Structure formats: C-alpha cells, structure tokens
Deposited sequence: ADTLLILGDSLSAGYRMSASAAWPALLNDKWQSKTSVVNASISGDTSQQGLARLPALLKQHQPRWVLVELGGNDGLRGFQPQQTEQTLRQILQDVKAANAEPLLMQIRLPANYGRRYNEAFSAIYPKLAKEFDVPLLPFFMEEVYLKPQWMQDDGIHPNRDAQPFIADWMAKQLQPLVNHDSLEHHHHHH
C-alpha cells in the first residue's frame, strides 16, 4: 500500500484532542488501501517540521508528502523570507526522496499585520509555481464559516469539525493520489 505522509502542525495533529480524533486518523479509516501517516506536532514551526523530515522520509518512504506548515511562524521568530526558504528546502527534500510534494495554502488571522498577511500568503503560490506542485486550498476557510466547528480560541477546529475536514481532504486528495 502506498503512503501519504502528512507533515504539519496542530491543524493536522489536532489541538486539545488526541491524534485519533483528528481528521488524518478519520481519513486513514476511509482509506484498507492508501496509508496515511500523521507526522504532525501541535506548535511546530516550518523549521521544526523540516528537522523531522529526513528521518520521516527514509522511514516511511512515502509517495506523497502533504506539507501544512507556516501558520506558527510569526509567533516564534521568523519572517516570510525565512518561512519561504524553510518550506523551499522541505519541497526539495521531498522531491529528492522521489515523493510528490503537496503544499497547502496557509493564511493568518486578519489581526496579524496589514501587509504582513499578503507577504505571508503569497509565499505558498510562489513556491507552488516554483516547484510546479499542487497547491491545496486552506481548509480552515470552510471551517471558519461554521462557528460550531471552531474552538473557543477562534483559531483551531474542534472535534465536531474533524469528520467534515476528513471528507473535504479526501475530495481534494482524490485526484492527487
């Protein structure tokens, strides 16, 4: 069975819930076929993800790698420039491992910076075009439209939202896998 590696942060690992309750675990159940490995850690910056990548690649030898990182950057100490570079290497390492990189668009809260958001957001379309890889939409956009699927912090999706996200991701990944 082929393997889809998910390299992400709390949006994929789940925030304040077990990984078994997070959408990647639900997606794996929907798929006695494609194997989904959730290598996501709440709080991980794009750099912390890149540091774990080497071992993950040579350990799971995945055909596809879903990169969902960057959202934490801007809280720890990096700029769009650094974030862009970090993600750039991740894509390179994935390609070098004969795996297909799948980049997910990330967006920050309206209250994070006037033009800072535009600079951060632009990073994804640029890299996607630079490496010519699929650029998935930010799944949280649909979740924000449903308050009942959001946690008190208005940032992370709750338990009730995971099934919807798993189905949404299945639909987006279907053509890619």
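- For this chain, the deposited residues without C-alpha positions form the stretches 32, 179 to 190, given in sequence order.
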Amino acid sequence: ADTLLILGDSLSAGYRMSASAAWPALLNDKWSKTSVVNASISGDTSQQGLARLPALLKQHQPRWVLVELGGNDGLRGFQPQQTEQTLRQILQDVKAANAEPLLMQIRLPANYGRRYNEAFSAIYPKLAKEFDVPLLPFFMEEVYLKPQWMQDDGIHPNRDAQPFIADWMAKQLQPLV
From here on, numbers count along this sequence of modelled residues.
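- For the pair 105 to 113 and 41 to 49, the record assigns the higher mean C-alpha temperature factor to 105 to 113.
- Of the two segments examined, 63 to 71 and 124 to 132, it is 124 to 132 that shows the higher average Cα temperature factor in the deposited entry.
- When the CA B factors of the chain's modelled residues are split into thirds, the value for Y144 lands in the middle one.
- In this PDB entry, the Cα temperature factor of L5 sits in the middle third of its chain's modelled residues.
- When the modelled residues of the chain are ordered by their C-alpha B factor, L173 lands in the middle third.
- In the deposited entry, the Cα temperature factor of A119 sits in the top third of values across the chain's modelled residues.
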